[PDB]
$ cat target06.cif   # mmCIF, C-alpha atoms
data_final
loop_
_atom_site.group_PDB
_atom_site.id
_atom_site.type_symbol
_atom_site.label_atom_id
_atom_site.label_comp_id
_atom_site.auth_asym_id
_atom_site.auth_seq_id
_atom_site.Cartn_x
_atom_site.Cartn_y
_atom_site.Cartn_z
ATOM 1 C CA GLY J 1 0.000 0.000 0.000
ATOM 2 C CA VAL J 2 0.899 3.625 -0.630
ATOM 3 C CA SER J 3 -0.177 6.227 1.925
ATOM 4 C CA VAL J 4 -0.023 9.967 1.249
ATOM 5 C CA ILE J 5 0.547 12.218 4.261
ATOM 6 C CA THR J 6 -0.498 15.815 3.691
ATOM 7 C CA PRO J 7 -1.077 18.760 6.054
ATOM 8 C CA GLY J 8 -3.958 19.947 3.882
ATOM 9 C CA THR J 9 -4.073 21.805 0.573
ATOM 10 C CA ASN J 10 -5.228 24.916 2.457
ATOM 11 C CA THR J 11 -1.830 24.893 4.219
ATOM 12 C CA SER J 12 0.711 23.409 1.783
ATOM 13 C CA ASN J 13 1.043 21.170 -1.266
ATOM 14 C CA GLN J 14 3.949 19.186 0.204
ATOM 15 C CA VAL J 15 3.223 15.501 0.802
ATOM 16 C CA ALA J 16 5.001 12.624 2.506
ATOM 17 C CA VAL J 17 4.696 9.120 1.083
ATOM 18 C CA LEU J 18 4.480 5.986 3.222
ATOM 19 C CA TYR J 19 5.168 2.757 1.337
ATOM 20 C CA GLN J 20 3.406 0.379 3.698
ATOM 21 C CA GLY J 21 5.036 -2.857 4.796
ATOM 22 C CA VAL J 22 8.140 -2.748 2.569
ATOM 23 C CA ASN J 23 11.756 -1.849 3.256
ATOM 24 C CA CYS J 24 13.297 1.100 1.441
ATOM 25 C CA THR J 25 16.442 -0.656 0.418
ATOM 26 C CA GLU J 26 13.818 -2.469 -1.690
ATOM 27 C CA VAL J 27 11.558 0.395 -2.874
ATOM 28 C CA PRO J 28 12.114 1.117 -6.599
ATOM 29 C CA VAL J 29 14.374 4.151 -6.850
ATOM 30 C CA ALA J 30 13.684 4.899 -10.527
ATOM 31 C CA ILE J 31 13.464 8.626 -9.841
ATOM 32 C CA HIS J 32 14.654 9.965 -13.211
ATOM 33 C CA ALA J 33 13.646 6.719 -14.975
ATOM 34 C CA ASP J 34 9.932 7.065 -14.194
ATOM 35 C CA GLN J 35 9.031 7.658 -17.854
ATOM 36 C CA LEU J 36 10.341 4.175 -18.745
ATOM 37 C CA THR J 37 7.751 2.814 -16.213
ATOM 38 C CA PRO J 38 9.294 -0.076 -14.243
ATOM 39 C CA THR J 39 6.612 0.671 -11.617
ATOM 40 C CA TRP J 40 2.833 0.588 -11.375
ATOM 41 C CA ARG J 41 2.933 4.157 -10.070
ATOM 42 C CA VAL J 42 4.128 6.961 -12.331
ATOM 43 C CA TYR J 43 5.340 9.417 -9.673
ATOM 44 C CA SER J 44 8.731 8.931 -8.002
ATOM 45 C CA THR J 45 10.663 11.205 -5.649
ATOM 46 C CA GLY J 46 14.031 11.369 -3.916
ATOM 47 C CA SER J 47 13.404 13.335 -0.712
ATOM 48 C CA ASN J 48 14.583 12.545 2.836
ATOM 49 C CA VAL J 49 14.202 8.864 3.705
ATOM 50 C CA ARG B 1 11.131 -21.846 6.294
ATOM 51 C CA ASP B 2 7.566 -21.405 5.023
ATOM 52 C CA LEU B 3 5.645 -19.020 7.285
ATOM 53 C CA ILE B 4 1.861 -18.784 7.683
ATOM 54 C CA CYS B 5 2.221 -14.979 7.481
ATOM 55 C CA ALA B 6 2.994 -15.305 3.750
ATOM 56 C CA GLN B 7 -0.553 -14.163 3.007
ATOM 57 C CA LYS B 8 0.995 -10.915 1.756
ATOM 58 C CA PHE B 9 1.366 -12.469 -1.712
ATOM 59 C CA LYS B 10 -2.428 -12.852 -1.899
ATOM 60 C CA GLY B 11 -2.834 -9.197 -0.922
ATOM 61 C CA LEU B 12 -3.586 -9.630 2.793
ATOM 62 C CA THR B 13 -1.371 -7.492 5.033
ATOM 63 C CA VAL B 14 -1.372 -6.476 8.699
ATOM 64 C CA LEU B 15 -0.969 -2.849 9.750
ATOM 65 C CA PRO B 16 0.964 -2.185 12.982
ATOM 66 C CA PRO B 17 -0.833 -0.299 15.769
ATOM 67 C CA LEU B 18 -0.168 3.363 16.481
ATOM 68 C CA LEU B 19 0.734 2.750 20.133
ATOM 69 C CA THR B 20 3.492 0.190 20.615
ATOM 70 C CA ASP B 21 3.705 -2.251 23.508
ATOM 71 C CA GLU B 22 6.236 0.038 25.201
ATOM 72 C CA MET B 23 3.879 3.022 24.963
ATOM 73 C CA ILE B 24 0.954 1.037 26.379
ATOM 74 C CA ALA B 25 3.300 -0.120 29.154
ATOM 75 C CA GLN B 26 4.252 3.510 29.853
ATOM 76 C CA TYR B 27 0.571 4.501 30.033
ATOM 77 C CA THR B 28 -0.053 1.602 32.423
ATOM 78 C CA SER B 29 2.987 2.608 34.504
ATOM 79 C CA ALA B 30 1.704 6.194 34.691
ATOM 80 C CA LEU B 31 -1.716 4.910 35.805
ATOM 81 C CA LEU B 32 -0.139 2.691 38.482
ATOM 82 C CA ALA B 33 2.174 5.448 39.742
ATOM 83 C CA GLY B 34 -0.704 7.919 39.955
ATOM 84 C CA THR B 35 -2.964 5.396 41.690
ATOM 85 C CA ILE B 36 -0.329 4.411 44.257
ATOM 86 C CA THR B 37 1.062 7.875 44.990
ATOM 87 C CA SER B 38 -2.090 10.011 44.695
ATOM 88 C CA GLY B 39 -5.231 7.892 45.090
ATOM 89 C CA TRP B 40 -8.185 9.039 43.012
ATOM 90 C CA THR B 41 -7.041 12.672 43.027
ATOM 91 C CA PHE B 42 -5.019 12.464 39.807
#
$ encode --input "target06.cif" --output "structure tokens"
Amino acid sequence: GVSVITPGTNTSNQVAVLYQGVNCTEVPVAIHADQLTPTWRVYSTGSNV
Amino acid sequence: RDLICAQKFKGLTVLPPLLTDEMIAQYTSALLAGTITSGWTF
């Protein structure tokens, strides 16, 4: 599961993404290769982990 | 090596609770300390 953590669009458009139940040495890190689509999701980011 | 919790592959996962066992133990410890040292006043 993918969970999106937002403070509200009234406050800010920044979000935090929780990839539920998986490790993030294992999350796909195709950040600049998102247009090639190795993932079901299209969006990919490289923020603090 | 085969675990019964490999129901993830059929799409069935378990979410962890917000309060851990340590946090529930700290709440219980606070309740016990208040009950012993202050009665019903806390």
$ interface_residues --input "target06.cif" --of "chain B" --to "chain J" --cutoff "9 Å" --atoms "all atoms listed in the file" --output "PyMOL selection string"
chain B and resi 13-15
$ residues_around --input "target06.cif" --residues "residue 46 (chain J)" --least-positions-apart "5" --cutoff "10 Å" --atoms "only C-alpha atoms" --output "ChimeraX atom specification"
/J:29-32
$ axis_aligned_box --input "target06.cif" --around "region 18-30 of chain J" --padding-each-side "5 Å" --output "JSON"
{"center_x": 9.9, "center_y": 1.6, "center_z": -2.9, "size_x": 23.0, "size_y": 18.8, "size_z": 25.3}
$ atom_distance --input "target06.cif" --atom1 "CA of residue 44 (chain J)" --atom2 "CA of residue 28 (chain J)"
8.6 Å
$ atom_distance --input "target06.cif" --atom1 "CA of residue 17 (chain J)" --atom2 "CA of residue 2 (chain J)"
6.9 Å
